[PDB]
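Contents: one structure, followed by commentary.
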Amino acid sequence: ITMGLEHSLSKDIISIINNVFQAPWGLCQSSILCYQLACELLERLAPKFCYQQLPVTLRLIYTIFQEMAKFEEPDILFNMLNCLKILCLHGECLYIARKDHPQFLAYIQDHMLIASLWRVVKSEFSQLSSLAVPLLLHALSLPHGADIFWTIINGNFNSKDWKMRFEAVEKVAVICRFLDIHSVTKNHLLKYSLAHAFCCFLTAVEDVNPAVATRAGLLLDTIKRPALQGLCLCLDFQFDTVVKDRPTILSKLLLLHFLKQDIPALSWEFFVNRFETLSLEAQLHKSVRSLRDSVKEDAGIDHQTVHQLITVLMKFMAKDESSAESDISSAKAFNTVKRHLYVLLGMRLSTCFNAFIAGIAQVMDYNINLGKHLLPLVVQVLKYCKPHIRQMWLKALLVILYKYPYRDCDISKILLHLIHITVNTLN
Amino acid sequence: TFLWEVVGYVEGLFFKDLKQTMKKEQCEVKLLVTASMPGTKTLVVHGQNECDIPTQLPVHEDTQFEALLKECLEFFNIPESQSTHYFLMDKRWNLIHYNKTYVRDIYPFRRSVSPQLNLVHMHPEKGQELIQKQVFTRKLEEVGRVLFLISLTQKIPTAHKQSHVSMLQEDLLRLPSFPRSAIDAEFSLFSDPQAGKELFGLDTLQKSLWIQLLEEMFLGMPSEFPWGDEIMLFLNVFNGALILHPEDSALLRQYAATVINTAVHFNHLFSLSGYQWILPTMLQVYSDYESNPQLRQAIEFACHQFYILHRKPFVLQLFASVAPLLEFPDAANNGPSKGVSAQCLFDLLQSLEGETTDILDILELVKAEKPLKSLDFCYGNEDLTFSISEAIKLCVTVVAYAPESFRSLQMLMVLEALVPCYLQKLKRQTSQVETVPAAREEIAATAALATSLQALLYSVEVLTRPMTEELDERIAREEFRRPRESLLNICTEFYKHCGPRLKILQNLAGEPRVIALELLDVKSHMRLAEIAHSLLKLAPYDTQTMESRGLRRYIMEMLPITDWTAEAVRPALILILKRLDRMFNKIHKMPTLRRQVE
Amino acid sequence: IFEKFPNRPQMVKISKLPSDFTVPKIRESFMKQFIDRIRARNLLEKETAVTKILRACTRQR
């Protein structure tokens, strides 16, 4: 029968449970059994400061946080976390705290909730973490919380003691491996905080102590591929929105492709989303901070970011096969990559052409199937509209014909013009 | 730390060429794990002045540092108050040594030279910090070596992989340190605050790397391998990892998917005799951490996939492995609460009954085809969803094939643990919803269990034959009396539980027309009387069987509830009264036999 | 030629049964091979478990 989770009788029961909670013990299994029985009543219930006008639920959360830092056995801790979930979501105390309790919500987030949850996230008793993670994700879905978490990971990761770096990479690994995909796609600064956590996680792969480097590399292995896809989608969203931080992110993403390549860290749908994003960043003519401490407009600079993306693209097709024709998926994607690779690259004072010559030689050296598949479009654009780039030019035309059946008509004739260019651009 | 990708980017390597060219440098074990170079056999201790001399001492395969600590305590006469204030070290490499690790992993056999050892006076805290940092460094090189071996056997040519992994397994067999050094941790350093989560994180990484290496080693080899006793030794690492870090979620997902992969690969061994080496440790870990739902969810998913792979032999081997750890409150074997409970086994079987949803995503680390189907056509695509009555049917069939064997006695112990708990939880669920189809399924379930009990009593006539420097005699009387008292315990708990409950259920069924459905027939009662009579035929000669709870529960709880208003059931009673007649006639006519009776 | 016919799997059946109850499907080779033969969280039960598994590993060679 329904009895009401908010009624005056039920809050009187809650007042009984508070003054049980405020009386400590000072045998131990007695306290485990007493708190679990009280917790079962809590399950059944819901499916000096000026504290005398405060509702008792947040004061219960207060004394839970107060007695959180006393014991070291995960059984009572586990039970407390269960109670915490029952009150945060089924009890809706944080929901009414964010509805009409901002100051005390600032009090709750600023010193109790984030630091205690950062204390209980561990890599040896991984059921406290399995309880702790949706509560911490509920905490970071609110204002004032991302700054505290930002300063926590800044003081943990940028420390001069390497054990703090060690403990920071294990904790950010435990947050990353207990995440979901669609549960994050509504809040902006949740995605920003998880993106900064993931980029510090990727930044720790190359740290100066070898132990943190090998730990981040081996602990990157133990992450389930949907969580890594969701992290890559958050990082791609933060690349889409934020402008001034595109230098670092690509470096991190290259490290990602270099380490975890089974997940599509780079794919053709990724490149067509970035193609339309550079189109909206180019053909159209915030408030968050910069994550550059995580590591530390229409003619040239956006085009230089485009060039940088071209260099990453040439590295991608040199590295992997990426057979977009083996499936019926990504046919329009790869097709869009070749079309717009023709259109925006086809105006002899750019930085893209020499890097394309610098890349396509290693492309033709390492790839064969897509290499033959893309050759004729490379030679159509060679002179469509200089010493060392001449050296790579002749290296390019050296590896055009080494294993490749080029032999067509009206196209091979231009090779006659090419040996004419052996007495034209030299003369 | 860069060779882990260099060997991924260098082709043209095998197992033998590096061993043939390494032996020239006398440092074979310092690069890869599987280098079978033996170590030193003697060692020298150095002094500090002309009062003492460097002394040579032998090294066996089980020598450790603590014996050398006792040696220097006994020889130099060091007081034990200053035991932790002193340490031992080498002068040349300047290395402090962990106390509880073996010497043989550290000192390979130098060519006619022995490394030095000095008893040094040091502060204890600097020494324990030095020990912690040097073993942090040291097992980081082991972790590096394991990385080299995992990256080594990934991109090998597809012709040469079989001989490579087979001779790899063969040189793992020749190693005397495997798998000691592959599974043991450092336990006098895990409790300190200055080696708290560092040694844990690297130990978690090292165990996960060892699981990856073994999983690659098991795969590749042919499915028709002559697997002797060696599989258990290899499986022991898989047990040991779950012993050390059971609540760590990474080791759990990897352990579950690796055992699923090696149960799909060696399908022949894991259809006959393979599950007897991995299930004791899994049941112990499932039984202990009952307040930890993630470990519980991972083990129920792994056992559900075990059943989906192999249907009936897995359930048989499961009952053969949960049996030597079960303790029940009997008055013959006083079972303590320090092992697998009866409830733990029964809720594990109840999770095997229903479906288990996936929360931890263990399936995508399984290299075989998905979804898993039955690997043998004897059970096929028939709808053999696991019930609990069919477990009783299997136990009946294996005790019925040879009731004087050992599997019969063992499965009788299994049955006397299981069927009171099944009848109990059946009583809870029929006293939980109180509905007329619940009453119908309770009557049908009691009838089917009764059918299986008639099938159990119809095929135990070899136990009705009576019996024929004393330790084998006590063994013979034991193996005489265990299945008999097991049958009496089962039948009297069944009768005194369900008979009045059959009348109660018949009252609350909604149809009181069917009453007194006659659970046991006359031949079952006469069979129980002949077993009890054969038990009582030994009673005055050994004094421990009068107080046995099966016999006493039959005498005080089953004889008065048996109806005798008809005379068809009566020859059971005349045999029981005849046996009690002759026992008390013999106890009366012999006073020496009366002088030793309780 | 020797496998075109439909496969025939050997079973186990016992005739001393009341024949209202079906004997389940178990192969006879497996049958004869089979019939032939809070407190845990602390650091002491694991170490004792490790040394018990090491002696039992060494004992069965």
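Starting from 1 in every chain, residues are counted up; chains themselves are A, B, ... following the order of the structure tokens, and ligands are numbered from 1 as listed.
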Show which residues sit within 10 Å of residue B:384, as an NGL selection string. Count only C-alpha atoms, and ignore same-chain residues fewer than 6 positions away.
-> :B and (308 or 311-312 or 390)
Counting only C-alpha atoms, which residues of chain A fall within 9 Å of chain C, and what is the closest atom pair for each with its distance in Å at one decimal, ordered by chain and rising number, as a Markdown table?
```
| residue | atom | partner | partner_atom | distance |
| --- | --- | --- | --- | --- |
| A:73 | CA | C:38 | CA | 8.2 |
| A:74 | CA | C:38 | CA | 8.6 |
| A:75 | CA | C:38 | CA | 7.2 |
```
Suppose we keep N, CA and C atoms; can you now write the selection as a short mmCIF file (atom, residue, chain, number, x, y, z; two decimals), in the first residue's frame?
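Printed below is out33.cif as written:
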```cif
data_model
loop_
_atom_site.label_atom_id
_atom_site.label_comp_id
_atom_site.auth_asym_id
_atom_site.auth_seq_id
_atom_site.Cartn_x
_atom_site.Cartn_y
_atom_site.Cartn_z
N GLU A 73 36.60 -0.52 6.08
CA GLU A 73 36.08 -1.76 5.53
C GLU A 73 35.03 -1.45 4.48
N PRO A 74 35.08 -2.08 3.31
CA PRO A 74 34.15 -1.72 2.23
C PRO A 74 32.73 -2.22 2.40
N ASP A 75 32.42 -2.97 3.45
CA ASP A 75 31.06 -3.48 3.63
C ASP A 75 30.13 -2.37 4.09
#
```
Near chain A, which residues of chain B fall within 12 Å when you count only C-alpha atoms, and what do they look like as a PDB file with C-alpha atoms, in the first residue's frame?
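Ended up saving to selection.pdb:
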```pdb
ATOM      1  CA  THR B   1      59.843  -0.278 -22.816  1.00  0.00           C
ATOM      2  CA  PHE B   2      60.265   0.441 -26.546  1.00  0.00           C
ATOM      3  CA  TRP B   4      57.319  -3.907 -26.950  1.00  0.00           C
ATOM      4  CA  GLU B   5      56.608  -2.093 -30.231  1.00  0.00           C
ATOM      5  CA  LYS B 133      61.568   0.507  -4.350  1.00  0.00           C
ATOM      6  CA  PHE B 136      58.903  -2.147  -7.480  1.00  0.00           C
ATOM      7  CA  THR B 137      61.642  -1.740 -10.078  1.00  0.00           C
ATOM      8  CA  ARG B 138      62.283  -5.507 -10.303  1.00  0.00           C
ATOM      9  CA  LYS B 139      58.754  -6.637 -10.976  1.00  0.00           C
ATOM     10  CA  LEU B 140      58.446  -3.805 -13.434  1.00  0.00           C
ATOM     11  CA  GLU B 141      61.189  -5.614 -15.432  1.00  0.00           C
ATOM     12  CA  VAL B 143      56.156  -7.027 -16.428  1.00  0.00           C
ATOM     13  CA  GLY B 144      58.385  -5.756 -19.263  1.00  0.00           C
ATOM     14  CA  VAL B 146      55.922 -10.515 -20.123  1.00  0.00           C
ATOM     15  CA  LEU B 147      55.106  -7.639 -22.505  1.00  0.00           C
ATOM     16  CA  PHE B 190      51.187  -5.079   0.869  1.00  0.00           C
ATOM     17  CA  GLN B 194      54.321   3.171   1.601  1.00  0.00           C
ATOM     18  CA  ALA B 195      53.590   0.239  -0.725  1.00  0.00           C
ATOM     19  CA  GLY B 196      49.808   0.421  -0.680  1.00  0.00           C
ATOM     20  CA  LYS B 197      48.360   0.943  -4.167  1.00  0.00           C
ATOM     21  CA  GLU B 198      51.627   0.859  -6.129  1.00  0.00           C
ATOM     22  CA  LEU B 199      52.310  -2.843  -5.651  1.00  0.00           C
ATOM     23  CA  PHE B 200      48.585  -3.554  -6.055  1.00  0.00           C
ATOM     24  CA  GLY B 201      48.306  -1.737  -9.391  1.00  0.00           C
ATOM     25  CA  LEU B 202      51.422  -3.394 -10.814  1.00  0.00           C
ATOM     26  CA  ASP B 203      50.350  -6.786  -9.440  1.00  0.00           C
ATOM     27  CA  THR B 204      46.972  -6.365 -11.135  1.00  0.00           C
ATOM     28  CA  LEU B 205      48.774  -5.515 -14.375  1.00  0.00           C
ATOM     29  CA  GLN B 206      51.174  -8.459 -14.004  1.00  0.00           C
ATOM     30  CA  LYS B 207      48.389 -10.959 -13.379  1.00  0.00           C
ATOM     31  CA  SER B 208      46.388  -9.581 -16.318  1.00  0.00           C
ATOM     32  CA  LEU B 209      49.464  -9.901 -18.543  1.00  0.00           C
ATOM     33  CA  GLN B 212      46.893 -12.834 -21.742  1.00  0.00           C
ATOM     34  CA  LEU B 244      44.605 -12.757  -4.976  1.00  0.00           C
ATOM     35  CA  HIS B 245      42.399 -10.039  -6.525  1.00  0.00           C
ATOM     36  CA  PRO B 246      38.813 -11.311  -6.634  1.00  0.00           C
ATOM     37  CA  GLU B 247      36.979  -7.972  -6.353  1.00  0.00           C
ATOM     38  CA  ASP B 248      39.157  -6.212  -8.956  1.00  0.00           C
ATOM     39  CA  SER B 249      36.866  -5.988 -11.981  1.00  0.00           C
ATOM     40  CA  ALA B 250      39.600  -6.198 -14.658  1.00  0.00           C
ATOM     41  CA  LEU B 251      40.975  -9.536 -13.490  1.00  0.00           C
ATOM     42  CA  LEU B 252      37.399 -10.820 -13.182  1.00  0.00           C
ATOM     43  CA  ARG B 253      36.337  -9.967 -16.756  1.00  0.00           C
ATOM     44  CA  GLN B 254      39.577 -11.325 -18.132  1.00  0.00           C
ATOM     45  CA  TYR B 289      32.452 -13.041  -0.836  1.00  0.00           C
ATOM     46  CA  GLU B 290      28.683 -13.228  -0.504  1.00  0.00           C
ATOM     47  CA  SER B 291      28.498  -9.508   0.385  1.00  0.00           C
ATOM     48  CA  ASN B 292      30.071  -8.572  -2.980  1.00  0.00           C
ATOM     49  CA  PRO B 293      27.548  -8.619  -5.857  1.00  0.00           C
ATOM     50  CA  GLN B 294      30.022  -7.999  -8.728  1.00  0.00           C
ATOM     51  CA  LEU B 295      32.003 -11.176  -8.002  1.00  0.00           C
ATOM     52  CA  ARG B 296      28.679 -13.008  -7.690  1.00  0.00           C
ATOM     53  CA  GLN B 297      27.385 -11.679 -11.042  1.00  0.00           C
ATOM     54  CA  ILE B 359      26.365  -6.138 -16.969  1.00  0.00           C
ATOM     55  CA  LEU B 360      30.155  -6.404 -17.123  1.00  0.00           C
ATOM     56  CA  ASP B 361      30.410  -7.091 -20.921  1.00  0.00           C
ATOM     57  CA  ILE B 362      32.582 -10.203 -20.737  1.00  0.00           C
ATOM     58  CA  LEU B 363      31.397 -11.685 -24.065  1.00  0.00           C
ATOM     59  CA  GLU B 364      33.359  -9.475 -26.459  1.00  0.00           C
ATOM     60  CA  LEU B 365      36.696 -10.788 -25.132  1.00  0.00           C
TER      61      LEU B 365
END
```
Report as a PyMOL selection string the set of chain C residues whose atoms approach chain B to within 9 Å, with distances computed over only C-alpha atoms.
-> chain C and resi 9+12-14+16-27+29-31+33-41+43-44+46-47+49-50+53-54+57-58+60-61
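Restricting the calculation to only C-alpha atoms, the smallest distance between residue A:69 and any of A:292, A:44, A:119, A:7 is found for A:119.
Picture a line from atom CA of residue A:220 to atom CA of residue A:131; it runs 21.8 Å.
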Here atom CA of residue B:582 and atom CA of residue B:480 stand apart by 21.6 Å
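What separates atom CA of residue A:335 from atom CA of residue A:228 is a distance of 26.7 Å.
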So which residues touch stretch 342-358 of chain A within 12 Å, counting only C-alpha atoms, skipping near sequence neighbours fewer than 3 positions away, as a PyMOL selection string?
-> chain A and resi 275+278-279+282-283+299-301+303-315+317-318+335-339+361-365+374+376-400
Would you kindly return, as an MDAnalysis selection string, each protein, DNA or RNA residue with an atom no farther than 9 Å from any atom of residue A:179, considering only C-alpha atoms and excluding same-chain residues fewer than 6 positions away?
-> chainID A and resid 133:134 137 226:227 230:231
Atoms kept (N, CA and C atoms) for selection, written as a CSV table (one decimal), in the first residue's frame:
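File out_36.csv, as written:
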```csv
chain,number,residue,atom,x,y,z
A,133,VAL,N,30.3,5.6,-9.3
A,133,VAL,CA,30.4,6.3,-10.6
A,133,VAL,C,29.1,7.0,-11.0
A,134,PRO,N,27.8,6.4,-11.0
A,134,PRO,CA,26.7,7.3,-11.4
A,134,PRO,C,26.4,8.4,-10.5
A,137,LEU,N,28.8,11.0,-11.6
A,137,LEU,CA,28.3,11.6,-12.8
A,137,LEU,C,27.0,12.4,-12.7
A,226,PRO,N,32.9,0.0,-26.0
A,226,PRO,CA,31.9,1.1,-26.0
A,226,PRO,C,32.3,2.3,-25.2
A,227,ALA,N,32.9,2.2,-24.0
A,227,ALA,CA,33.4,3.3,-23.2
A,227,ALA,C,34.4,4.1,-24.0
A,230,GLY,N,32.5,6.1,-26.6
A,230,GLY,CA,31.9,7.3,-26.0
A,230,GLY,C,32.9,8.4,-25.6
A,231,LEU,N,34.1,8.0,-25.2
A,231,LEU,CA,35.1,9.0,-24.8
A,231,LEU,C,35.6,9.7,-26.1
```
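Taking only C-alpha atoms into account, residue B:107 lies nearest to B:64 out of the set B:153, B:387, B:64, B:435.
Minimum atom-to-atom distance to residue C:45, evaluated using only C-alpha atoms, belongs to B:284 out of B:156, B:309, B:284, B:318.
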Do you know which residues are at most 7 Å from stretch 87-93 of chain B counting only C-alpha atoms, after dropping those on the same chain fewer than 3 positions away, and could you put them as an NGL selection string?
-> :B and (96-97 or 116-122)
Next, the residues of the selection above should be written as a tab-separated table (two decimals), in the first residue's frame with N, CA and C atoms.
```
chain	number	residue	atom	x	y	z
B	96	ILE	N	69.55	-4.46	-2.21
B	96	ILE	CA	68.86	-4.98	-1.04
B	96	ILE	C	67.87	-6.03	-1.52
B	97	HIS	N	67.54	-6.99	-0.67
B	97	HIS	CA	66.73	-8.12	-1.06
B	97	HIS	C	65.44	-8.19	-0.26
B	116	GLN	N	78.43	-12.05	-3.97
B	116	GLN	CA	78.80	-11.77	-2.59
B	116	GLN	C	77.56	-11.56	-1.72
B	117	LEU	N	77.78	-11.58	-0.40
B	117	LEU	CA	76.70	-11.33	0.55
B	117	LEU	C	77.30	-10.82	1.86
B	118	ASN	N	76.78	-9.71	2.36
B	118	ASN	CA	77.30	-9.07	3.56
B	118	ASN	C	76.19	-8.79	4.56
B	119	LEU	N	76.45	-9.13	5.84
B	119	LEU	CA	75.55	-8.81	6.94
B	119	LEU	C	75.86	-7.40	7.43
B	120	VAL	N	74.95	-6.47	7.17
B	120	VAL	CA	75.13	-5.04	7.38
B	120	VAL	C	74.18	-4.50	8.44
B	121	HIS	N	74.67	-3.50	9.18
B	121	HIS	CA	73.95	-2.80	10.23
B	121	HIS	C	73.36	-1.51	9.66
B	122	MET	N	72.03	-1.42	9.64
B	122	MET	CA	71.31	-0.36	8.94
B	122	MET	C	70.07	0.07	9.75
```
Stretch 106-115 of chain A: which residues within 10 Å, counting only C-alpha atoms, same-chain residues fewer than 4 positions away excluded, as a PyMOL selection string?
-> chain A and resi 58+61-62+65-66+68+94+97-98+101-102+119-120+135-136+139-140+142-149+152
